[PDB]
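Both ligands and their constituent atoms are indexed starting at 1 by order of listing. Keep in mind that the numbers below use all heavy atoms, side chains included, and drop hydrogens, waters and symmetry copies. Numbers restart at 1 for each chain; the letters A, B, ... are given by sequence-line order, proteins then strands.
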Amino acid sequence: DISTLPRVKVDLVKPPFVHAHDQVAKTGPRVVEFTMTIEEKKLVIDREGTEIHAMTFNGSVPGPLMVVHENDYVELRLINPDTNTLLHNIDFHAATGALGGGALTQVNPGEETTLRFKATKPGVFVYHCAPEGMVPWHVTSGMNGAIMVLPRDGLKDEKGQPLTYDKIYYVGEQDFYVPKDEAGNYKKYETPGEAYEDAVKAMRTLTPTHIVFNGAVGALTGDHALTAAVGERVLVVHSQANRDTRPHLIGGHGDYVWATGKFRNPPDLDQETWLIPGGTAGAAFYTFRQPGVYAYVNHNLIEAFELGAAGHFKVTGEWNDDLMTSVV
Amino acid sequence: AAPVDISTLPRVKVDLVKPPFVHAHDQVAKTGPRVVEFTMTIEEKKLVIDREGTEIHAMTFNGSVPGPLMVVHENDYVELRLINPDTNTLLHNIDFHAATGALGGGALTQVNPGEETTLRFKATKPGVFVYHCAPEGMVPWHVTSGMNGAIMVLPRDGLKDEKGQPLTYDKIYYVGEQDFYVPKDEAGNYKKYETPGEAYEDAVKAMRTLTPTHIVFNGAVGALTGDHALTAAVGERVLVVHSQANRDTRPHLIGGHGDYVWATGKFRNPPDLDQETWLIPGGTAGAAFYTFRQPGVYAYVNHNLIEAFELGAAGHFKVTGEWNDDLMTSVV
Amino acid sequence: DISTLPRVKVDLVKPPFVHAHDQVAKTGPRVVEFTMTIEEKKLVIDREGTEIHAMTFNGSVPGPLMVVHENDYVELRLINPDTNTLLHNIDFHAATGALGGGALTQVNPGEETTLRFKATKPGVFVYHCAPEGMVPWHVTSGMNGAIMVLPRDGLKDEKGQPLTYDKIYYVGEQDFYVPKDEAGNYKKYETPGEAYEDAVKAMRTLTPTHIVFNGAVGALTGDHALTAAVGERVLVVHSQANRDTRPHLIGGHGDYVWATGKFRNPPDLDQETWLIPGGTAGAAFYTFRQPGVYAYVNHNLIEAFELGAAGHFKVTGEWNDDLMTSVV
Ligand SMILES: [Cu+2]
Ligand SMILES: [Cu+2]
Ligand SMILES: [Cu+2]
Ligand SMILES: [Cu+2]
Ligand SMILES: [Cu+2]
Ligand SMILES: [Cu+2]
């Protein structure tokens with residue numbers, strides 16, 4: 001039966017951007033083919049040069065956002081090059097069975113595996129590595145991402161009416177626990193293996209040293225600031241595979257928000273801030289109405305402005321004095 | 001106000017069972033309102049909470065952590081005979097989040113060793129609720145010592161989905177999540193005590209760090225694994241009641257979902273569908289309904305993976321049945 | 001156009017109390033004029049006499065609750081007396097544009113500014129100071145409050161029927177991070193700026209030393225306890241500008257709760273406890289049915305009974321034997 005379904009290949013895109021797709025499906029179910037290569041690599045996470053041994057899906061933190069439609073089949077070819085040193089796998093929160101696929105995609109360096117699962121539930125979901133006995137270590141090393149399963153007829157508001165976005169961004173929020181020496185400075189490591197002991201110790205404090213968007217402090221600012229224009233409808237998919245977060249668009253709102261990201265549920269309206277539980281992906285739809293710079297943040301202002309969970313939006317267009325204006 | 005004659009209502013006694021199991025009950029009420037009689041005996045006792053053998057001075061309702069799940073229907077009356085045997089050393093009481101008045105019953109149930117009391121309250125609101133000890137000035141100490149449980153007030157007509165249609169579970173489990181703050185010494189080793197009291201100062205200090213040393217299901221690391229793993233079969237509808245009386249948690253069925261979830265657990269509200277993960281606020285009980293479609297081992301966890309796989313907030317499901325290659329399969 | 005609207009000047013009142021207002025709008029859109037004076041001052045936050053250099057809106061923590069109706073224009077005159085030492089501004093989560101107003105309300109000591117914005121979305125929202133580069137420091141120093149934007153036809157239940165409260169209280173929850181020394185004792189400073197470094201270090205631990213209602217431990221207890229009577233309908237607006245909280249009325253419930261505080265959404269019913277994410281304001285409606293003392297708390301019992309997040313309600317009326325009683 002699966003053999004009768006036509007197949008389509010997707011070229012993934014590095015976050016915060018998302019690979020193109022049709023919001024409203026133009027055909028019946030399909031088998032969507034994806035391919036990701038696991039890559040263990042050093043990564044600089046803050047402005048002081050602190051670097052870690054990151055574990056990534058396709059070389060980025062977070063991994064790329066995968067997009068399909070409800071009832072399509074997701075077929076992922078997962079590759080683990082012999083240049084890596086650890087065993088990895090992948091767990092799809094969108095999938096049903098075998099620990100989300102974790103127990104079927106274990107691959108040591110030099111191996112690859114292909115997993116297929118039916119996307120039976122619409123919504124944005126988290127996907128992350130989960131090696132038996134070393135789950136949080138891999139996840140907090142940046143090995144997580146998300147997949148969006150759109151309703152075949154696109155998104156809908158709290159009244160069944162269509163909600164169409166002009167652009168979509170994927171913000172992966174990452175909590176890091178960089179080990180510190182007795183002096184209070186970040187220790188150095190040659191391999192992911194040597195850091196395990198200290199990694200476990202750092203994680204058990206439950207106090208992140210960093211909390212960043214797209215892999216590093218200020219990653220989504222400057223030339224990498226998100227963009228929009230007055231009148232533009234923007235969907236922002238936000239995930240946190242291990243810890244709670246509370247997204248907030250400073251100067252705006254989440255007009256329609258699926259805090260826990262499942263589309264069969266009507267969205268919450270006019271959110272100033274929403275809670276995305278650790279191990280969940282959420283989605284917020286907003287129509288810009290004012291130009292200028294906006295800050296998108298985890299509203300625990302310490303986590304945002306001190307630990308790194310903050311990015312920017314640069315919006316073009318005409319200022320609306322009716323909505324807001326400085327009185328002189 | 002004209003009194004309501006309660007003496008006319010039929011009475012039924014309930015024999016509580018230890019978690020994660022639940023005492024006998026009917027989803028769809030087979031009778032009209034009843035005065036449901038429960039009896040719990042407070043028991044202060046030593047308890048091993050991890051594989052290394054760490055032992056604490058636990059404060060329990062009926063000898064278990066969490067306390068047993070009580071089940072009644074909307075508008076029944078809950079009558080609890082609370083006993084504090086003279087073998088205990090501390091003052092205790094009980095606060096039902098399901099009750100209205102006297103601090104949930106806390107102001108009417110203070111009992112010292114050797115005393116007992118009987119409380120009755122009308123379960124006017126359907127949902128799963130937390131119940132916990134709450135002695136003035138020592139509330140968090142008793143609660144984080146394991147003295148909390150949960151009560152489920154089923155709608156008289158059973159559970160319903162977002163469309164008002166019946167949702168019937170084949171089995172139910174109660175997972176009580178506990179955050180422990182075991183004090184350690186200057187060296188970093190868990191300190192030991194002969195009496196619950198003597199450790200108060202240290203307990204307060206350990207708690208105020210807001211950093212749990214252990215976060216476990218059913219009283220201890222691995223309590224719901226191995227021979228004590230939860231079970232189900234493909235096609236089975238399972239309801240998992242999960243409570244956390246003091247700290248937030250984010251349940252997740254690894255390999256499954258929360259088909260219908262009442263994150264904050266109140267049934268007059270439609271459930272959230274297809275949840276991958278949900279947030280149950282500290283001081284709240286939530287419920288998740290799921291229909292298994294794949295056999296095999298599943299992990300039920302607090303999705304802060306550190307709290308789950310390092311601190312202990314993880315349990316297992318062993319499911320029987322035929323594998324579905326359509327839902328998921330490895331490609332050759 | 002805006003010039004054709006009636007203008008009304010409001011006299012703000014100290015929390016937990018709220019200035020007089022009508023729930024169902026008595027007129028059409030108006031320009032509601034408010035005035036707040038920024039005040040840097042010392043504040044004792046606990047029973048041990050611990051004092052901090054608080055940054056307040058109108059001299060209190062939290063700042064006062066502002067009340068308007070959906071589509072009214074909020075016009076705020078923010079005054080920064082030359083007796084203060086820092087620059088301040090204000091960000092309204094209810095406003096659209098310029099970082100909620102922060103980018104247009106920067107005022108040094110000796111300056112003032114007037115901001116106007118249209119309250120286009122109904123619900124309770126957080127407002128707080130947000131100076132670039134010093135956001136969490138000002139917010140956790142107590143510089144935050146809330147504004148309620150009532151639907152023009154008042155509050156409604158899950159079935160669209162009217163919900164009218166007899167009284168309303170505003171509980172502002174504040175997380176403080178008082179720096180300590182070697183000995184572990186709270187340090188004191190001559191000026192707020194002098195302690196910037198210690199404050200940053202204290203905040204970065206993500207562990208509050210105090211979590212209080214209305215500025216201090218026990219602020220809403222004793223003769224300052226909240227009051228009600230059996231049969232009374234009470235709305236409790238609760239905000240937390242920087243950290244999550246989980247309100248709970250001990251002995252009662254949240255009959256109708258807008259956890260994330262936006263009225264276009266139906267309220268959640270019969271809540272025992274609800275989660276208000278940091279950077280959000282929530283509202284709970286309850287009809288008291290039993291007299292006596294009630295405790296209103298953040299239900300992380302440690303934060304409530306050890307750190308200070310607990311208040312009291314003293315309720316009058318006759319006891320209801322049917323709802324509860326102590327048996328023979
Ligand atoms: Cu991995
Ligand atoms: Cu997961
Ligand atoms: Cu007790
Ligand atoms: Cu409680
Ligand atoms: Cu300020
Ligand atoms: Cu803000």
Side-chain angles (χ1 to χ4, degrees), chain A residues 301, chain B residues 40 42-45 57-61 65 67 82 84 88-99 103-106 109-113 129-151 196 243-247 281-285, chain C residues 36 38-40 53-57 61 63 78 80 84-91 102 105-109 127-145 192-193 241 246-253 272-273 294-301 304-305 310:
Chain A
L301 304 177
Chain B
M40 290 203 287
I42 299 162
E43 180 182 3
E44 291 165 20
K45 56 191 292 179
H57 279 291
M59 292 184 217
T60 78
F61 278 114
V65 176
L82 186 62
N84 190 358
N88 287 322
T89 70
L90 310 172
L91 167 67
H92 302 284
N93 70 344
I94 185 168
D95 164 13
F96 281 96
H97 286 187
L103 305 177
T109 54
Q110 313 213 196
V111 290
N112 270 319
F129 304 75
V130 164
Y131 69 66
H132 65 81
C133 180
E136 207 201 305
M138 291 154 46
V139 178
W141 183 42
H142 285 235
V143 178
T144 60
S145 284
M147 238 177 139
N148 61 84
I151 177 176
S243 77
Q244 224 303 3
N246 186 70
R247 178 189 162 89
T284 321
Chain C
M36 288 203 289
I38 299 166
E39 180 182 1
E40 291 168 21
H53 281 286
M55 292 184 219
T56 79
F57 278 115
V61 176
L78 186 61
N80 191 5
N84 289 320
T85 64
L86 306 172
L87 173 157
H88 303 281
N89 67 353
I90 189 169
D91 163 20
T105 58
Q106 295 174 55
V107 286
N108 291 301
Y127 69 67
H128 65 79
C129 182
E132 200 128 86
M134 255 123 66
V135 180
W137 181 43
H138 284 237
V139 179
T140 58
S141 284
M143 236 179 135
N144 58 78
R246 50 209 64 73
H248 179 103
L249 178 60
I250 307 182
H253 302 81
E272 66 185 299
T273 302
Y294 290 72
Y296 181 72
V297 309
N298 165 327
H299 212 287
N300 168 132
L301 306 177
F305 296 109

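Put simply, the side chain of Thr60(B) gets close to the backbone of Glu43(B): a donor and an acceptor are under 3.5 Å apart. The backbone N or O of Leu86(C) sits less than 3.5 Å from a side-chain atom of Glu40(C), completing a donor-acceptor pair.
Checking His299(C) against the Cu ion (ligand 4), an N/O/S atom falls under the 2.8 Å cut-off. Taking 2.8 Å as the criterion, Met147(B) counts as a coordinating residue of the Cu ion (ligand 3), since one of its N, O or S atoms falls below it.
The Cu ion (ligand 4) lies at the vertex of an angle of 110° between the NE2 atom of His97(B) and the NE2 atom of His132(B) (rounded to 10°). One finds an angle of 100° at the Cu ion (ligand 5) between ND1 on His138(C) and ND1 on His88(C), to the nearest 10 degrees.
Here the options are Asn89(C), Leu78(C), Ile90(C), the test is side-chain contact (heavy atoms from CB on, under 4.5 Å), and the partner is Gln106(C); only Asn89(C) passes.
Side chains of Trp141(B) and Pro135(B) form no contact here, defined as non-hydrogen atoms less than 4.5 Å apart.
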